[PDB]
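S.K.: test case, fold it:
(one chain, ligands or ions: 2)
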Amino acid sequence: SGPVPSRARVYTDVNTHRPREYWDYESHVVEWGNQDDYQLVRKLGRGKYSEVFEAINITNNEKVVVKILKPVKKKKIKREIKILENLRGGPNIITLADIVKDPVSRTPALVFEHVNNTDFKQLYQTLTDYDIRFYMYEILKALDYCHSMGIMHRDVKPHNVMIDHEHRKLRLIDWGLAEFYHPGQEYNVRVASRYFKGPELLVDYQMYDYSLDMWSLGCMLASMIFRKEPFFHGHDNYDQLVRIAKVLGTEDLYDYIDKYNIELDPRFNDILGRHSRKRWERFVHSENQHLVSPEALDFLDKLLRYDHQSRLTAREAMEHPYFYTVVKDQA
Ligand SMILES: Nc1ncnc2c1ncn2[C@@H]1O[C@H](COP(=O)(O)OP(=O)(O)NP(=O)(O)O)[C@@H](O)[C@H]1O
Ligand SMILES: [Cl-]
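M.R.: Numbers count the residues shown, from 1 in each chain. Ligands and ions are numbered 1, 2, ... in the order given. The structure is reproduced below:
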């Protein structure tokens, strides 16, 4: 028993027919810029992988954001730079304006455009049913683009989505965990945040694809329409698979892992139980019912499936009646 393999149903051979220099981020040269052009103003935040500053381009007075990367691996650093460059100009993908060496830290520093973002705790307590569809379509444009350029995000969550609600502007940020989908390739299952890890990561299945991003988008949507943040609230990676299973049930969980000849961590024998699949109507109450509709549940239902192969792709998702009410773009 070794796991059965898997391919993406879409965009399977994008990077097989693109040049080597497209996807091979190892053999990539960084074209540096003048660091004296930028003047730091304010610390916005500290991560495990970087510090982040609000800043000002001194050459044209533009406001700007500077992600100074901590030293970890030149592999990971060039990878983020090369994916951002490849995706430059795509819809609602955040724009890399420059790359400079910070003289203090001696590490690369990524200069992005500025987004006048709103706190996500303030924002998900205020979105109307229309706003939720609007921005979900906007994230979908971004996901289908990056998938169509042969790149999975692997860290889709509300913190990584900057929304300027004033101008209805949206931008998908932090491509630090993004990677190139190559068919047959086994990836590291230690990606994304806990609440938004799909079951493939949780059962240690390494041959995942673009559709991982769709599971996470489904988690984001569940919390927005049901007003439960986070929707699957697990204490650790083992309990996370149990919370999903209290909702989606264990019979379909076992079908999923038998289909790919995956064996569960023995520790599950003593915590997993047997759980009926629940109907989405149970999560509906007086305080979130204005956000729920038949078409919202239908869409959500097609995103939160165990089988990564049976999930809606980004393009199929954009075709759902859930988005019919949303205003498009003939002019
Ligand atoms: N283009 C941008 N516009 C505005 N704010 C941004 C932008 N990019 C990053 N930020 C800020 O940086 C945060 C996200 O940092 P990210 O780029 O996710 O770095 P990271 O290495 O993942 N760091 P951490 O998440 O903090 O461990 C946001 O909450 C903002 O405060
Ligand atoms: Cl990795």
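
S.K.: got the domain ranges for this structure?
M.R.: The chain breaks down by curated CATH domains into domains covering 6-23+115-330, 24-114.

S.K.: looking at those, which is closest to ligand 1?
M.R.: Closest approach to ligand 1 among these (Cβ to the nearest ligand atom): domain 24-114, 2.3 Å. Every C-beta, even on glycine, is put in place using the N, C-alpha and C of the backbone.

S.K.: measure the closest one end to end?
M.R.: The first and last residues of domain 24-114 sit 29 Å apart, counting by Cα to Cα, to the nearest Å.

S.K.: how about the strands in the stretch 201-331 of the chain?
M.R.: Using DSSP state E, counting those that start in this stretch, the stretch 201-331 of the chain contains no strands.

S.K.: meant to ask about the stretch 1-150 of the chain
M.R.: Here the stretch 1-150 of the chain has its strands, by DSSP E, counting those that start in this stretch, at 38-46, 50-57, 63-69, 96-101, 108-113.

S.K.: how about the residues of the stretch 151-300 of the chain by ligand 1?
M.R.: Contacts of the stretch 151-300 of the chain with ligand 1, taken as Cβ under 6 Å from any ligand atom, map to 159-160, 162, 173-174, 176.

S.K.: okay but residue 295 is in contact with residue 301, surely?
M.R.: No - Residue 295 is not in contact with residue 301 according to Cβ atoms under 8 Å; the separation is 10.4 Å.

S.K.: what would the residues of the stretch 151-300 of the chain next to ligand 1 look like in TSV with neighbour count and secondary structure?
M.R.: TSV is the format used below for those (neighbours: other Cβ atoms under 10 Å; DSSP: H, G, I helix; E, B strand; the rest coil):
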residue	neighbour count	secondary structure
159	10	helix
160	21	helix
162	21	strand
173	18	coil
174	21	coil
176	22	coil
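
S.K.: still on that earlier bit, okay, residue 295 and residue 301: which has more neighbours?
M.R.: Set side by side, residue 295 and residue 301 show more neighbours around residue 295, with 15 against 12, by other Cβ atoms under 10 Å.

S.K.: what about residue 8, how many neighbours?
M.R.: Other residues within reach of residue 8, judged by other Cβ under 10 Å, total 21.

S.K.: distance check, it against residue 317.
M.R.: Distance of residue 8 to residue 317, given as Cβ to Cβ, to the nearest Å: 15 Å.

S.K.: what sits closest to the residue positioned nearest the centre of the chain if chain neighbours are left out?
M.R.: In the chain, the centroid-proximal residue (Cα atoms, centre = their mean) is residue 156; its distance is 1.7 Å. Closest residue in space to residue 156, ignoring its immediate chain neighbours: residue 216 at 3.9 Å, by Cβ to Cβ, 6 or more residues apart in numbering.

S.K.: state the number of residues packed around the closest residue to residue 220 other than its chain neighbours.
M.R.: Nearest non-adjacent residue to residue 220, counting by Cβ to Cβ, 6+ apart: residue 158, 6.0 Å away. Neighbours of residue 158 under the rule other Cβ under 10 Å: 20.
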